[PDB]
Amino acid sequence: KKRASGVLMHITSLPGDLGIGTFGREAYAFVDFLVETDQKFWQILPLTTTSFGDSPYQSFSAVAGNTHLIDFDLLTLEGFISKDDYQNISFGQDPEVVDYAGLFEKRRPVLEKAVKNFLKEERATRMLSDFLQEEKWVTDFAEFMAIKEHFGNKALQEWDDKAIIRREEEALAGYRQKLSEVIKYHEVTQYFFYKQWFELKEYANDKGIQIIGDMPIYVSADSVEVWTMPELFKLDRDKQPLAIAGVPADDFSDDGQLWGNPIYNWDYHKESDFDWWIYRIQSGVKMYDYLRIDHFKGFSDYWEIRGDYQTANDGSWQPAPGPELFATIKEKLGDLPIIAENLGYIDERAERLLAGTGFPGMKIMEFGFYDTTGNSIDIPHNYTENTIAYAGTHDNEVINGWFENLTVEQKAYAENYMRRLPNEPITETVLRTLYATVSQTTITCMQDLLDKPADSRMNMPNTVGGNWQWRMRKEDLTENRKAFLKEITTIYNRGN
Ligand SMILES: C[C@H]1O[C@H](O[C@H]2[C@H](O)[C@@H](O)[C@@H](O)O[C@@H]2CO)[C@H](O)[C@@H](O)[C@@H]1N[C@H]1C=C(CO)[C@@H](O)[C@H](O)[C@H]1O
Ligand SMILES: C[C@H]1O[C@H](O[C@H]2[C@H](O)[C@@H](O)CO[C@@H]2CO)[C@H](O)[C@@H](O)[C@@H]1N[C@H]1C=C(CO)[C@@H](O)[C@H](O)[C@H]1O
């Protein structure tokens, strides 16, 4: 099977003057750079909307576009805004750190000006409606966001009007009439998102560059889905989670993870023929070229923290109907370009899930040198072709960081195994080895390609301070870094 490689960089980490990466010029420059180095894949994070904490895996909707990624420049070149509208409206102090606090604050006059100008165009409504016909989910997400803003950006569970919380049709007809202009705002911003995003995906595809999108297993409890389709979750009459999502402690840290997402009533799914999941996967394979389903473990056995928790260890391992779901997807959708994220808590039910799909799974080389015997299943000599290998992912340390926190016997052993040449930064070491593996695809974390320090980690699971904030200086993508990436891509036979 044809070998290949790709780069792991979220749209947020692109550089720019808007305080956050955009579907704008530097995105097209990033594509240009991927074709320079004969890459195959661009892996991004999810493009969904974000909450407090700025995680895209706890989202107001499973399909809506994060509006922070809309580009003001592309919007100016359209006749919708001008640039005396965002020239010197500085979004953030440090270029290589996003400040999400108040960036939603600062984009809003600008986006509103653009939506007001888009609607006054004479063909406006027949373009917007022609859009809503292909993405039919838009309007009720837009009403969700409007009602949320009316109640002061308060969670769905703590709104004030219990009638609207459970969508009584008189209350609904009142809110959609009383708030029709702020709703149209959110419809139009979704139209902007999709127009710009599919422009970028088309540029990428026609240069031979393919996009690996991320699909979060769970949505947040503060969601248009918990609102319009509560029968998918274990919730009560006032729509609060009976049990929440998480993961228990494993052998390298004792407190585990509490996530907060609602839990699935997988029985309603099995009965409903997994309708909603077929729709998620279908819109995923249209949004992307390769879909990466997060937390594959959750389709065999998910961890279910009850209410009245004190830590996340107060839960259980519940059964999900993985086999049936994926047979249904195969039958109804054909076979599809999915890669499965199967890290952690692997038991033979999960290994059967994988074997039954034939999707590639993951190999995170950073987990595979903690045991100097060589027996770790994440050590390079145990990889097979049908896997996607990473140095780390966005939840692991950057390689420069991982290398600090090693037993000096573990350091010695790792420098042995990988044949580190003296006077050589170990990010280039690790990446040489990663690309030498028999894996069909290997992905390089744009942090480590530029040799960035421990500060640059994208996520650190089970915290909220300072996450999803890394951006990359254009100053740091020296011709030397690019030449290094092209070299490892040619030497180990993974080009184009
Ligand atoms: C990523 C993973 O690391 C730790 O778990 C185990 C490794 O994944 C295993 O392969 C093996 O080496 O044992 C490790 C335990 O020491 C950690 O305990 C897990 O919690 C962690 N996985 C969680 C994090 C995710 C972020 O993507 C989820 O994808 C994953 O489903 C969670 O379980
Ligand atoms: C929303 C959580 O996202 C992350 O967990 C991800 C994981 O990183 C992915 O690879 C797979 O999906 C899970 C979620 O589906 C974070 O690791 C996790 O910390 C995030 N939750 C944070 C946000 C809140 C807000 O209430 C807290 O409740 C939660 O405990 C906190 O960790």
# chains A, B, ... in the order shown; residues from 1 in each chain; ligands from 1

$ residues_near_ligand --ligand "ligand 1" --cutoff "6 Å" --atoms "only C-alpha atoms and all ligand atoms" --output "list in words"
residues 247, 250, 251, 252, 294, 295, 343, 344, 367 and 395 of chain A

$ residues_near_ligand --ligand "ligand 2" --cutoff "7 Å" --atoms "only C-alpha atoms and all ligand atoms" --output "list in words"
residues 52, 53, 55, 57, 58, 216, 217, 218, 257, 258, 259, 260, 294, 295, 395, 459, 460, 461, 462, 463 and 464 of chain A

$ write_last_selection --atoms "C-alpha atoms" --output "PDB file, in the first residue's frame"
ATOM      1  CA  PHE A  52     -15.470  28.518  27.824  1.00  0.00           C
ATOM      2  CA  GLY A  53     -12.081  26.796  27.905  1.00  0.00           C
ATOM      3  CA  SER A  55     -12.038  23.147  23.503  1.00  0.00           C
ATOM      4  CA  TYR A  57     -14.510  18.676  21.741  1.00  0.00           C
ATOM      5  CA  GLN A  58     -17.280  20.364  23.854  1.00  0.00           C
ATOM      6  CA  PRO A 216     -15.531  14.534  18.520  1.00  0.00           C
ATOM      7  CA  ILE A 217     -17.291  11.458  19.915  1.00  0.00           C
ATOM      8  CA  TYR A 218     -19.433  13.596  22.226  1.00  0.00           C
ATOM      9  CA  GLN A 257     -10.303  12.654  33.447  1.00  0.00           C
ATOM     10  CA  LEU A 258     -13.696  14.307  33.824  1.00  0.00           C
ATOM     11  CA  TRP A 259     -15.036  15.657  30.514  1.00  0.00           C
ATOM     12  CA  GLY A 260     -18.591  16.896  31.208  1.00  0.00           C
ATOM     13  CA  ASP A 294     -11.966  10.519  18.345  1.00  0.00           C
ATOM     14  CA  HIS A 295     -12.039   8.157  21.340  1.00  0.00           C
ATOM     15  CA  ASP A 395      -2.922  15.986  23.741  1.00  0.00           C
ATOM     16  CA  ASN A 459      -3.752  20.496  24.977  1.00  0.00           C
ATOM     17  CA  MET A 460      -2.911  19.120  28.415  1.00  0.00           C
ATOM     18  CA  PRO A 461      -5.844  16.866  29.286  1.00  0.00           C
ATOM     19  CA  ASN A 462      -7.964  17.494  32.381  1.00  0.00           C
ATOM     20  CA  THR A 463      -7.118  21.196  32.842  1.00  0.00           C
ATOM     21  CA  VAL A 464      -8.549  24.461  31.525  1.00  0.00           C
TER      22      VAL A 464
END

$ closest_residue --among "A:162, A:419, A:494, A:116" --to "residue A:186" --atoms "only C-alpha atoms"
A:116

$ select_by_dssp --residues "stretch 118-287 of chain A" --states "strand (DSSP E)" --output "ChimeraX atom specification"
/A:210-215,243-247,257-262

$ select_by_dssp --residues "stretch 225-354 of chain A" --states "alpha helix (DSSP H)" --output "ChimeraX atom specification"
/A:225-228,266-271,275-287,322-333,348-354

$ atom_distance --atom1 "atom CA of residue A:381" --atom2 "atom CA of residue A:443"
17.5 Å

$ residues_around --residues "residue A:392" --least-positions-apart "6" --cutoff "9 Å" --atoms "only C-alpha atoms" --output "ChimeraX atom specification"
/A:363-367,398-399,443-445

$ residues_around --residues "residue A:86" --least-positions-apart "5" --cutoff "10 Å" --atoms "only C-alpha atoms" --output "tab-separated table (two decimals) with C-alpha atoms, in the first residue's frame"
chain	number	residue	atom	x	y	z
A	17	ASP	CA	-3.29	39.79	12.11
A	18	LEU	CA	-6.75	38.69	13.37
A	72	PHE	CA	-11.92	39.24	7.42
A	73	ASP	CA	-9.66	39.68	4.36
A	76	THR	CA	-13.30	42.42	2.35
A	81	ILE	CA	-16.74	44.84	4.70
A	91	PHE	CA	-6.78	40.71	18.85
A	106	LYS	CA	-13.95	41.86	19.21
A	107	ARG	CA	-15.07	39.99	16.10
A	109	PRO	CA	-19.16	44.31	15.22
A	110	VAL	CA	-17.17	43.18	12.15

$ closest_residue --among "A:211, A:134, A:239, A:189" --to "residue A:166" --atoms "only C-alpha atoms"
A:239

$ atom_distance --atom1 "atom CA of residue A:240" --atom2 "atom CA of residue A:264"
12.9 Å

$ residues_around --residues "residue A:493" --least-positions-apart "4" --cutoff "9 Å" --atoms "only C-alpha atoms" --output "mmCIF file with C-alpha atoms, in the first residue's frame"
data_model
loop_
_atom_site.group_PDB
_atom_site.id
_atom_site.type_symbol
_atom_site.label_atom_id
_atom_site.label_comp_id
_atom_site.auth_asym_id
_atom_site.auth_seq_id
_atom_site.Cartn_x
_atom_site.Cartn_y
_atom_site.Cartn_z
ATOM 1 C CA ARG A 3 3.090 5.297 1.812
ATOM 2 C CA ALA A 4 2.543 8.976 2.620
ATOM 3 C CA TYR A 435 9.264 8.242 9.244
ATOM 4 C CA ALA A 436 11.328 5.060 9.067
ATOM 5 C CA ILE A 488 12.745 12.771 5.609
ATOM 6 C CA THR A 489 9.811 12.468 3.224
#

$ closest_residue --among "A:465, A:374, A:256, A:361" --to "residue A:303" --atoms "only C-alpha atoms"
A:256

$ residues_around --residues "stretch 402-417 of chain A" --least-positions-apart "3" --cutoff "10 Å" --atoms "only C-alpha atoms" --output "tab-separated table (two decimals) with N, CA and C atoms, in the first residue's frame"
chain	number	residue	atom	x	y	z
A	366	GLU	N	5.37	8.43	21.64
A	366	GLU	CA	5.81	8.98	22.91
A	366	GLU	C	5.44	8.09	24.07
A	367	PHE	N	4.42	7.26	23.92
A	367	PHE	CA	4.04	6.28	24.93
A	367	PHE	C	4.91	5.03	24.91
A	368	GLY	N	5.87	4.93	23.99
A	368	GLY	CA	6.52	3.67	23.70
A	368	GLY	C	7.98	3.58	24.08
A	369	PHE	N	8.46	4.49	24.93
A	369	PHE	CA	9.83	4.42	25.44
A	369	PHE	C	9.85	4.50	26.96
A	370	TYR	N	8.69	4.51	27.61
A	370	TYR	CA	8.65	4.46	29.07
A	370	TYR	C	9.07	3.11	29.62
A	371	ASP	N	9.08	2.08	28.80
A	371	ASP	CA	9.47	0.74	29.23
A	371	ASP	C	10.70	0.33	28.41
A	372	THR	N	11.87	0.37	29.04
A	372	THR	CA	13.15	0.08	28.40
A	372	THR	C	13.32	-1.38	28.00
A	373	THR	N	12.34	-2.26	28.26
A	373	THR	CA	12.46	-3.64	27.79
A	373	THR	C	12.24	-3.74	26.29
A	374	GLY	N	11.54	-2.76	25.71
A	374	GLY	CA	11.12	-2.82	24.32
A	374	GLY	C	9.78	-3.48	24.09
A	379	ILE	N	6.20	1.01	20.62
A	379	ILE	CA	7.61	1.08	20.23
A	379	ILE	C	7.71	0.76	18.74
A	380	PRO	N	8.52	1.50	17.98
A	380	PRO	CA	8.48	1.38	16.50
A	380	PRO	C	8.51	-0.04	15.94
A	392	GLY	N	3.71	12.67	18.60
A	392	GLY	CA	2.71	12.86	19.63
A	392	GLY	C	1.49	13.39	18.92
A	396	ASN	N	-0.61	15.21	23.72
A	396	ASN	CA	0.67	14.82	24.28
A	396	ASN	C	1.60	16.01	24.32
A	397	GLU	N	2.70	15.85	25.04
A	397	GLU	CA	3.71	16.88	25.07
A	397	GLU	C	4.32	17.06	23.68
A	398	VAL	N	4.91	18.23	23.43
A	398	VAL	CA	5.78	18.33	22.27
A	398	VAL	C	7.02	17.50	22.55
A	399	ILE	N	7.64	16.98	21.49
A	399	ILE	CA	8.78	16.06	21.63
A	399	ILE	C	9.85	16.67	22.53
A	420	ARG	N	20.65	8.56	17.89
A	420	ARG	CA	20.83	10.00	17.85
A	420	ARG	C	22.30	10.33	17.61
A	421	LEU	N	22.54	11.06	16.52
A	421	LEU	CA	23.85	11.60	16.22
A	421	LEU	C	24.20	12.73	17.19
A	422	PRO	N	25.47	12.83	17.62
A	422	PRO	CA	25.81	13.93	18.53
A	422	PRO	C	25.69	15.28	17.83
A	426	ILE	N	16.81	16.60	19.26
A	426	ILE	CA	16.16	15.30	19.23
A	426	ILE	C	14.81	15.30	18.53
A	427	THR	N	14.28	16.46	18.15
A	427	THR	CA	13.04	16.42	17.37
A	427	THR	C	13.30	15.84	15.99
A	429	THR	N	15.80	13.78	15.44
A	429	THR	CA	16.02	12.37	15.73
A	429	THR	C	14.70	11.60	15.69
A	430	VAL	N	13.78	11.97	16.59
A	430	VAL	CA	12.54	11.22	16.73
A	430	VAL	C	11.82	11.15	15.40
A	433	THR	N	13.19	8.60	12.98
A	433	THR	CA	12.71	7.25	13.30
A	433	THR	C	11.25	7.06	12.93
A	453	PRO	N	9.60	24.59	22.32
A	453	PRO	CA	9.78	24.04	23.68
A	453	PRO	C	8.49	23.59	24.35
A	454	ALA	N	8.55	23.20	25.63
A	454	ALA	CA	7.38	22.59	26.27
A	454	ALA	C	6.18	23.52	26.32
